[PDB]
Amino acid sequence: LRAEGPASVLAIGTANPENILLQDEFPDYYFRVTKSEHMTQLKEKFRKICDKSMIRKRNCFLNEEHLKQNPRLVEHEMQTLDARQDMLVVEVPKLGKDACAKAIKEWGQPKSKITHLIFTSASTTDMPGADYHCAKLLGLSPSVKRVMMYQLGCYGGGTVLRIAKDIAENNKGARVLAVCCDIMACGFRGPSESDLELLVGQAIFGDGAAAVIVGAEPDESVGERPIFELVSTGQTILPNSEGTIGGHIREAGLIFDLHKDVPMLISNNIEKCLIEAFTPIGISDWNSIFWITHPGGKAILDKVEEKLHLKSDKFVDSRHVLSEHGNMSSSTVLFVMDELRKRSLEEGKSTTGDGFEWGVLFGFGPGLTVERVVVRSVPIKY
Amino acid sequence: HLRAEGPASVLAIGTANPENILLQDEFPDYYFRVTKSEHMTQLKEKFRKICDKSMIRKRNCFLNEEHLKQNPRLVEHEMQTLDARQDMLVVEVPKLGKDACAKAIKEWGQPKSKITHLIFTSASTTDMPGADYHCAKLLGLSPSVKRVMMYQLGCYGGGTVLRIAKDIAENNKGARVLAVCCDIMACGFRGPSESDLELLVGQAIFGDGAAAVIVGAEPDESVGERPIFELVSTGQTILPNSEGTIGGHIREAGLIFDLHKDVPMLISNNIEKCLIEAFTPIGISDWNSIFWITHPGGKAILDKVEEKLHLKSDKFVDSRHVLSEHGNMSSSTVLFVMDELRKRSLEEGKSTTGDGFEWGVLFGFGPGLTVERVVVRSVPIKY
Ligand SMILES: CCCCCCCCCCCCC(=O)SCCNC(=O)CCNC(=O)[C@H](O)C(C)(C)COP(=O)(O)OP(=O)(O)OC[C@H]1O[C@@H](n2cnc3c(N)ncnc32)[C@H](O)[C@@H]1OP(=O)(O)O
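Put into structure tokens, the structure is as follows:
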């Protein structure tokens, strides 16, 4: 028995740790707790990176008491993976379960109707995985079909939507719980004079989890209503991008590579993704649609906006999420989805997509891989 | 959105294994020599009986004695060696994977440009970009191939990649899914210790290998496509009272795994209820009237399941043969079993790809304790 019509997002939930990192105070915090305050010139460059990041605040699970309890974590490169794993194999499923619960609350259906669980995280790795623990913490059926996807990266938010679409539409009644979660205790480390690449990540990455319920044939009879339709999906590797975005599980924890070319590579290639995605729909004005864009960095948004001459209203939700949360990897793009529909409602727009009918969702991550989802809005009943 | 009509079918199967071979009869001595542990005479005899009862004749292993020479940290029990293992496996895991995909693509006989999705699972490593990215580049797939990277599933992953491919191939007309599993046990090789019988078991049963399948719906005989097994339904479940019995952990010392002795009994004591749920809609109750494609996680698992259900000697022939010639290769093993089942059936002139039976069941078992189940239907072999 296959489902009729397209899969849609029926609910969204998000969660963040309680502890907060004010970006104005982070240079002082970072260089103090890492006992690197003598690197004045480096701290000066780090301060400019933080000030230019357009991040006002992040939530982070790792706090100063964790650092005093294990000073090894504040060093630059030091065998710490066990200590990080010990924390994250617990916290990642926990924070993920927090976001799942809020999404199920909105959804308003028995957890026994959840037939599938998709879980993605780049912050940890274990067997059984975070899908198992999150399922147990939620009290889901022991026969929930799980799709565990460790170490995707920041494109992963588009991935779980792609996976959920085919599952929901091919299985009548299937209701897919897809959650992303990342905790940057996996890659926190101290500064080195030879790494501005490190400092960039230390300034932009924050903690969070985002969960959605995906399903076809929404049942208004019992309180289900979709927010966004998932119309088509794609995934591609950008040319001349090899090595530009990388992340590795090592004895020192998560070690990442981040090339300065990434913003230009995305901007110079993204229009082909739009043509490839919207030519069948007959759309060519990239301002006549709504955008749900992963804010991988201020620069990425700025350059895409520049190359395509996008009105400033398109990345408003991306920038607001980046300001209040930083880059949370795979979850970030679903935070933006949620903000888009909450702002549309609060501003009296006619649809959940800022008043537009058609939209596009993008994730960017290692590859350099681009995840794309053409999405359709729903009218807002007033 | 144009969806496919009819069920998704395995259209091709290819496998690969490292070249260096470990003979089980010599492995107790070889293992305790290279690990500088010949003074553990009572633990070695203990280890010799585990290997004697394992019903494993040989295994394929990428890690050789020269590797242990270059890095002696790999032969100690619990030394920080992850970086050295990863340096090897981020390269070798996709490579061996590509070798198996290449054979599957060969049998399939269709252009690589027709591959629309690539599924890759492996428990031996993790990286970003992952083995899926590199396996696709090694193969020459389209940069727009849709990848599904599933790191650290474990021994049930062979059923998972089938369950994932089923929904993709059926919801997308023309979709051709390349699913591959691959594991290399340099991720978990380590020296012995009198306080870890689980390790000894793992060092005796785990071997290297990769296996890849081409999965699609609406097979096109005009272009040379021939189905092998139809994927009918799928299930995943967590066995009750099974917490912590199968585990694997990426640590500074590499992959550390747990294996509780009760795993055979827990599987055998729960498996029939998996059969009932899977075959009651089809109207089948006799577990000897169907063929089996069973992950040979260990000789004890097959033995106990065989007893509990009174399965006849034909069911586990292919599982035990793969186990004897390759050991436990984790996620790929069950796919090695599928391949031999359809190959032996034609060599023996059986009515179908499933040993003459129409309906069958595929099982993977792993961390959870997780059981992956796939009801499968064979395709007639016409003579
Ligand atoms: C905490 C643990 C983390 C754990 C992670 C969890 C898992 C995730 C795995 C995957 C990880 C891989 C990634 O991480 S994927 C993130 C994608 N996001 C981007 O790719 C950001 C886009 N970029 C921007 O948003 C702006 O660049 C930014 C940073 C706001 C700055 O704002 P600004 O406008 O001022 O730009 P400037 O050029 O002026 O830079 C000012 C100075 O920083 C230097 N600089 C910048 N960029 C650099 C780079 N790339 N390399 C080396 N130097 C770099 C410049 O050279 C200059 O230095 P100088 O010339 O000496 O003065």
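Those protein sequences? They're chains A and B, same order as listed.
If you're matching positions, the first sequence starts at 49 in our numbering and goes up one per residue.
If you're matching positions, the second sequence starts at 1445 in our numbering and goes up one per residue.
Positions of the beta carbon are idealized from the N, C-alpha and C atoms, including for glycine.
Of the residues the options, the one placed nearest residue i, counting alpha carbons only
i         : options                                       : result
A/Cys228  : A/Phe363, A/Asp174, A/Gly345 and A/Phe383     : A/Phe383
B/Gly1651 : B/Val1454, B/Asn1461 and B/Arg1447            : B/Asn1461
B/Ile1825 : B/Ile1734, B/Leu1813, B/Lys1490 and B/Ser1789 : B/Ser1789
B/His1704 : B/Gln1530, B/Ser1712, B/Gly1688 and B/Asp1576 : B/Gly1688
B/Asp1702 : B/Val1659, B/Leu1641 and B/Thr1565            : B/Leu1641
A/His373  : A/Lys320, A/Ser240 and A/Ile103               : A/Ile103
B/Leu1785 : B/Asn1772, B/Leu1806, B/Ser1775 and B/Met1773 : B/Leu1806
B/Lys1617 : B/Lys1794, B/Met1572 and B/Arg1447            : B/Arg1447
B/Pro1663 : B/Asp1531, B/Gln1554 and B/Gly1458            : B/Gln1554
A/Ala131  : A/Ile329, A/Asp365 and A/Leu302               : A/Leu302
A/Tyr77   : A/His86, A/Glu112 and A/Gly413                : A/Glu112
B/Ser1774 : B/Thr1565, B/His1445 and B/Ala1456            : B/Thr1565
A/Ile68   : A/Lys346, A/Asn107, A/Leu322 and A/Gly344     : A/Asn107
B/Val1621 : B/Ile1549, B/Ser1666, B/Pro1684 and B/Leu1582 : B/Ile1549
B/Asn1714 : A/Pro190, A/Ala170 and A/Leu185               : A/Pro190
B/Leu1710 : B/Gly1810, B/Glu1665 and B/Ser1776            : B/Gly1810
A/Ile275  : A/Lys390, A/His86 and A/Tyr430                : A/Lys390
Whether residue i touches residue j by CB criterion (8 Å)
i         : j         : result
A/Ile211  : B/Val1605 : no
B/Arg1695 : A/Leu356  : no
B/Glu1614 : B/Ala1546 : no
B/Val1657 : B/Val1818 : no
A/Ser289  : A/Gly415  : yes
A/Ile285  : A/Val310  : no
B/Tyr1600 : B/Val1766 : no
A/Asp179  : B/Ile1612 : no
B/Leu1585 : B/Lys1556 : yes
B/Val1534 : B/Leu1562 : no
A/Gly201  : A/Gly295  : yes
A/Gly411  : A/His342  : yes
A/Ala222  : A/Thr281  : no
A/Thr62   : A/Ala226  : no
B/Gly1800 : B/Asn1772 : no
A/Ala147  : B/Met1572 : no
B/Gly1653 : B/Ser1776 : yes
Cβ shell of residue i (< 7 Å), same chain only, five flanking positions each side left out
i         : result
A/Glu405  : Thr399, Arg424 and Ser425
A/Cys98   : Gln71, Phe74, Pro75 and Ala251
B/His1578 : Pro1538
A/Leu115  : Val81, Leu121 and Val122
B/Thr1570 : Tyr1595, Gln1596 and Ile1694
B/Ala1452 : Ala1609, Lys1610, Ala1613, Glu1614, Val1659, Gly1660, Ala1661 and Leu1675
A/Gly249  : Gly235, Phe304 and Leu306
B/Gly1450 : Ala1661 and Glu1662
B/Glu1638 : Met1484 and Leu1487
Same chain, Cβ closer than 8 Å to residue i, neighbours up to 5 away in sequence not counted
i         : result
B/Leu1755 : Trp1731, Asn1732, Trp1736 and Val1749
B/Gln1524 : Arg1517, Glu1696 and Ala1697
A/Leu247  : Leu90, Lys93, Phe94, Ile97 and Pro239
B/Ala1722 : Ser1677, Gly1679, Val1805, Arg1817 and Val1819
A/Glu66   : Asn107
A/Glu354  : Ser315
A/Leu185  : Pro141, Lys142 and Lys145
Close-in-space but distant-in-sequence residues of the same chain around residue i (CB under 6 Å, 5 per side omitted)
i         : result
A/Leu110  : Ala233 and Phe236
A/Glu139  : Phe109 and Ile231
A/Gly401  : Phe338, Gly407 and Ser425
A/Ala183  : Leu165 and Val192
A/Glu154  : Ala59
B/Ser1757 : none
B/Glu1482 : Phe1476
A/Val364  : none
Length-filtered (3 minimum) beta strand (DSSP E) runs lying within the region 1480 to 1528 of chain B
1502 to 1504
What residue ranges within the region 365 to 407 of chain A form continuous alpha helix (DSSP H) runs of no fewer than 4 residues, ordered along the chain?
380 to 394
Enumerate, from N- to C-terminal direction, the unbroken beta strand (DSSP E) stretches of 3 or more residues contained entirely within the region 286 to 363 of chain A.
293 to 298, 301 to 306 and 338 to 341
Runs of alpha helix (DSSP H) wholly within the region 163 to 189 of chain A (minimum 4 residues, chain order):
178 to 186
Fully enclosed by the region 248 to 290 of chain A, which alpha helix (DSSP H) runs are 4 residues long or longer?
none
Run through the region 1604 to 1652 of chain B for me and flag every whole alpha helix (DSSP H) of 4 or more residues, listed as ranges in chain order.
1641 to 1649
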